[PDB]
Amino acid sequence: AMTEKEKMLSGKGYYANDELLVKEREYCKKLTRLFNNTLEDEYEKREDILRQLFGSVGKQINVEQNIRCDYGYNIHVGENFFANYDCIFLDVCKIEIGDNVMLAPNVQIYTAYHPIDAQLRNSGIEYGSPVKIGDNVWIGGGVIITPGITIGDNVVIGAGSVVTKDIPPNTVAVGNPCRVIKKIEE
């Protein structure tokens, strides 16, 4: 039989109040707190914390302060990653981010979700679906990414967009819901 952590990672229904998960979420908030309390000139310190927090980190990385995570280890990031002010990463499942990806302020990537049915939801069962972002992607400010979304290479997501469906590579996409408005040279 699977553990609650295993059900979680596999996109199945799990109980978040599982002791192991609660204490993993505690460990995450400790590093998060340490990260957000650092001083503006403590780049070395922040970088170390990110390497303990995230599942995988490239050579260079810059995440502006007040970062929000659930577990940290489900966050996998490529080279030269940039995340601006107040980004939220609900990494119940894998948030896999490619190379040269930069996040504007207030970008929210949610992998978690709840049952539509109230009785199921009120029971405490919960789900996750991994999010994928390709190489060379600029994500605008206040963009929301929903569970199970894949974003291709060479994509520019306009500010305030709500990504509900997959966005193909080599496109510009804006809106609520988020749709392609332009193609671009590869």
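One-based numbering along the sequence shown.
Asker: If you take the mean CA temperature factor per stretch, which one wins between 41-49 and 129-137?
Answerer: 41-49 has the higher mean C-alpha B-factor.
Asker: Compare the mean C-alpha B-factor of 83-91 with that of 109-117 as given in the PDB entry, and name the stretch with the higher value.
Answerer: The recorded data point to 109-117.
Asker: Tell me which of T150, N36, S161, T146 tops the list for C-alpha B factor in the record.
Answerer: The listed residue with the largest C-alpha B-factor is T150.
Asker: Looking at the C-alpha B-factor of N66, is it in the lowest, middle or highest third of its chain?
Answerer: As the PDB entry reports it, the C-alpha B-factor of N66 lands in the highest third of its chain.
Asker: According to the PDB entry, is the CA B factor of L31 in the bottom, middle or top third of its chain, that is, lowest, middle or highest?
Answerer: Within its chain, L31 is a lowest-third residue by C-alpha B-factor, going by the deposited values.
Asker: Which third of the chain holds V57 when residues are ordered by C-alpha B factor: lowest, middle or highest?
Answerer: Ranked within chain, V57 CA B lands in the middle tercile.
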